[PDB]
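Student: Below is the sequence, then the experimental coordinates.
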Amino acid sequence: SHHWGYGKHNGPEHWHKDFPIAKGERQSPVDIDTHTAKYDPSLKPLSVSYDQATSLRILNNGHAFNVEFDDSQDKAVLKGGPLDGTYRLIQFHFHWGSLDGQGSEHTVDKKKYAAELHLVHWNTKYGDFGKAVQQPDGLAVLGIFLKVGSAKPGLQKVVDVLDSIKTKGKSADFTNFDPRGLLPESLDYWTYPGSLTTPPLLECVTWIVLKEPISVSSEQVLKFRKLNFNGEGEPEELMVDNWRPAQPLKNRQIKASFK
Ligand SMILES: NS(=O)(=O)c1ccc(OC[C@@H](O)C[Te]C[C@@H](O)COc2ccc(S(N)(=O)=O)cc2)cc1
Ligand SMILES: [Zn+2]
């Protein structure tokens, strides 16, 4: 059974023993060297179309919390940019730190942000998420950095439900949540081919990482850090530092949408 996590004994340094692709050619996250990334004029405009998004539920899966969406139709899709065709939103989640100086998976010139939001989408040409993760162009993950400063009003509904999903396996109704309230003003981005950042580490992701971070309050991120990795009735282990460090870039080019 799966026993990977983020501890000294089951963390990122151990994952390769059960998931050998951990040492593969297109692993994520990476450090984004802003001076080596090249502006690509061939990139088409990015289209985030979340007007008809239908959120369903929020789940503590023991690694993060996921806000799940209805992906049975083209209700909330990502198109354009580096992408061919239509990618449907299935879930979002975050990665965060024990302190504000760490938490993000991607880094920018080695800078770590307090957290990183992942909006996960699958390519509709493969029919379902499970088929899409088997394909090199199966997923598109929109990554958004979080810095600590002013509160993000569009995050507060998420923060306020977390005490109902404290432990692994707990879920709560989470209808009528608008993920557009989690975006920054600018859609300027970097893109590169990579992987899932947790086991099974499948090399199926087109990464689109926004340049502009969102600001969240210290009080908002403190509520993320009150979650637990453990199940109810197990010793309490705070859900903090659920991020994989930067992996080798190898033979990849990061492309910028902006000058
Ligand atoms: N035979 S094989 O092709 O090698 C193969 C091996 C394992 C397979 O397991 C498929 C299952 O879907 C488990 Te992949 C869904 C799981 O919910 C994780 O999803 C994530 C979503 C986003 C991110 S992130 N942080 O990068 O945004 C991270 C994880 C399927 C095929
Ligand atoms: Zn993630």
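Tutor: Received, thanks. Numbering: from 1, shown residues only. Ligands and ions are numbered 1, 2, ... in the order given.
Student: Quick one: the helices in the stretch 151-259 of the chain, in order.
Tutor: For the stretch 151-259 of the chain, applying DSSP state H, counting those that start in this stretch gives helices covering 156-161, 218-224.
Student: for these, which one sits closest to residue 86?
Tutor: Ranking the helices of the stretch 151-259 of the chain by proximity to residue 86 (Cβ to Cβ) places helix 156-161 first, at 25.9 Å. Just so you know, the C-beta spots here come from the backbone N, C-alpha and C atoms, and that holds for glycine as well.
Student: So which bits of the closest one are buried?
Tutor: 156-159, 161 (16 or more other Cβ atoms under 10 Å).
Student: can you check stretch 44-61 too?
Tutor: Residues of stretch 44-61 classed as buried by neighbour count (16+ other Cβ under 10 Å): 46, 48-50, 53-56, 58-61.
Student: One more: stretch 200-220?
Tutor: Residues of stretch 200-220 classed as buried: 201-211, 213-214, 216-217, 220 (neighbour count, 16+ other Cβ under 10 Å).
Student: Looking at the buried residues of stretch 44-61, which one is closest to residue 167?
Tutor: Of all those, residue 60 has the smallest distance to residue 167: 6.2 Å, by Cβ to Cβ.
Student: Quick check: bridge partners of the closest one?
Tutor: Beta-bridge partners recorded for residue 60 (DSSP bridges): residue 65.
Student: so who does the spatially most central residue of the chain touch?
Tutor: With distances taken as Cα atoms, centre = their mean, residue 118 lies nearest the centre of the chain, 2.1 Å away. Applying Cβ atoms under 8 Å, 6 or more residues apart in numbering to residue 118 gives the contacts 92-95, 141-143, 197.
Student: rerun that using 7 Å as the cut-off
Tutor: Residues in contact with residue 118, defined by Cβ atoms under 7 Å, 6 or more residues apart in numbering, are 92-93, 141, 143.
Student: just residue 81 next, same as before
Tutor: 43-44, 46, 189, 191, 208, 257.
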